[PDB]
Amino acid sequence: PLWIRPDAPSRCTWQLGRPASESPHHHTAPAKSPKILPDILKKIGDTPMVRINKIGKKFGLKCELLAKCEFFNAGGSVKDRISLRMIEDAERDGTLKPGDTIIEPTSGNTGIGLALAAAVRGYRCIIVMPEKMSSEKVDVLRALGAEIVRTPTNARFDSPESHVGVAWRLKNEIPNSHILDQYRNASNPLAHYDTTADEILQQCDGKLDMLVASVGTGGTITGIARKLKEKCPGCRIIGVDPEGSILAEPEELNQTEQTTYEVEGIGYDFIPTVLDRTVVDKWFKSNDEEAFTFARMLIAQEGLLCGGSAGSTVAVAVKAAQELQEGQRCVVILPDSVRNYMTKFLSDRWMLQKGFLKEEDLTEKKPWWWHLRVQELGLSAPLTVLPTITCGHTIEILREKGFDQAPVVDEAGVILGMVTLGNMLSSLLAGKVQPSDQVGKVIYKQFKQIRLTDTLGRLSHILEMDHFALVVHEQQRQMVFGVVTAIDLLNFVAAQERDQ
C-alpha cells in the first residue's frame, strides 16, 4: 500500500432504525473516574454544559441556549476525545505496539491531543500541520515533545505536499510508524457517538430541540447526530461550514468568490470518509468576520475562553435557532480554547491588520476623551536629576523642591528612568539602600516616551503596559514636559465630567 485517500466513500452500513447489536464496532461505555486519576488522559470527557445568558437574548432567541464547553479537556479541545480513542482502539487492535511512532495530518488540535497522549504513554509523535495554523499550536506541540512538519495552506488534499499526502510519505520512510488517520478512522465519530452524545443526553435529561456544530473531519457532528437521531429524533442537526469549504449541502451554498480563510479547524476541500452528511438536517455557511466577532463576544459577555470555530458555531446558532420557541432548547459545541489564538483574533492589532474590525466604525463605542491630546492634561514640568545622585541627596532635593518624583537624565540627555520620594524613603527605611548609594536599585527603568501631540487613547493603551508615560520634546530629548500615569488620566476624566 502507498496511500489511502481521506475522502473514499464510507463502507458503513449504519441506518437509522437498525439496532446496536448489529454494529461490528467496539463501543466503550463511559466509565466512573476514580478519586485520583492515574494520569491526565482521564481528564478528557465529561465537559460542562453551560447556559448562554446574554448572547441569545441579544440576538432575539426565545429558547434556552446551552454551550458544551470542550475546551476544558486536558489538551484544551474536543479532539482530545478522538486522540485518546484512536490510540486506545489501535492498542487493543494490536496495530499500535509500545514505543511505536504516531504520525498524524492535523489542523492542530488532534495533533496536540495525540502529542499529549504520546508524551504520557511513551510514543514517538510526528505532526503534519498546514502553514496557516497558529504558532501557539506549534509552541504546545514542541513542549509536548512532538516533531513538527508543515505543508502549504493552499495545497490541494490529493497533491503530494498536502498535510495528508506528506503524512503518508513520512510513514513510508519510518519503520514502526502508524497513521491513525482521523479522516477515515471510525474511532473518531465513535468517540462522539459513545461519549460526547451520551453526555449531552445525560445533561439535557434527554430533552433537546436543536444541536449546532461546526464541521472539520465531521466526526463530532456525525457521532452526535447518529446517536441523537436514535435517542432524540426531534432534535434538529445544524452543520456549520466556512465560506471556502465544500462540506455543506446543497452544493449551491459553496459557490463563493474566495478560497482561503483565517478560522482554524473547520472546512475542507474534500468530504472526509467519517462525515455522514445524510444525518445533517441543515447547513449554514460562516465567515471569518462573524466567527471572530462572536468568539470575542463569548469571552466578553459569557466569560467563555473559547476559540475561533466556537464563534462560528454561536454566530450560526443565533440565526438557526430563531424558529425555536420559549421552553425549547438549543445546544452548541464549543470546540477549543483561546490559548491557540493569543496572537491571532485575541489581538486587536491582528484583527485590524486582517480587516475584521473597521477602525473608523469602532470609534463609535470610544470615550469622549479618546481623541483629545496629551498636552490638554495640564502637565507639570518635572525636576530632573543626574544618575550620579545619591539616595540621600535624592530625598533632600525632592523634599526641598517640593516634588514627589524626578526623571533621571544623564549628561548626554538620555532619559534613564524615574526615582520617587516614596520609594526612595521606603527603600532607605527598610535598609535596602544606604544614603550614600547611587540610585541603581531604586530607579524605575521602564517607561514609554510620548509626544505632546499624541492622543489620550494612545496614552490609555500605553498605560496597560507601563506605569508612566514621559512627555518629551521632539528636538530636545533631555527635555521632559511632564510625567503621566493612570491616576493623572483618571483625575482629568473625572474632573471634566463632574461639572458638565
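We number the residues from 1 along the sequence you see.
Comparing 398-406 with 159-167, the higher mean C-alpha B-factor in the PDB entry belongs to 398-406. The question of which stretch, 247-255 or 264-272, has the higher mean Cα B factor is settled in favour of 247-255. For the set 382, 113, 105, 145, the PDB entry assigns the largest Cα B-factor to 382. Take 308, 303, 233, 130 and read off each C-alpha B-factor from the entry; 233 has the highest. Residue 75: CA B factor lies in the lowest third for its chain, per the PDB record. Residue-level temperature factors show residue 224 in the middle third of its chain, judged at the C-alpha atom. When the CA B factors of the chain's modelled residues are split into thirds, the value for residue 88 lands in the lowest one. Ranked against the other modelled residues of its chain, the C-alpha B-factor of residue 388 as given in the entry falls in the highest third. Remark: residue 286 belongs to the middle third of its chain, ranked by C-alpha B-factor as recorded.
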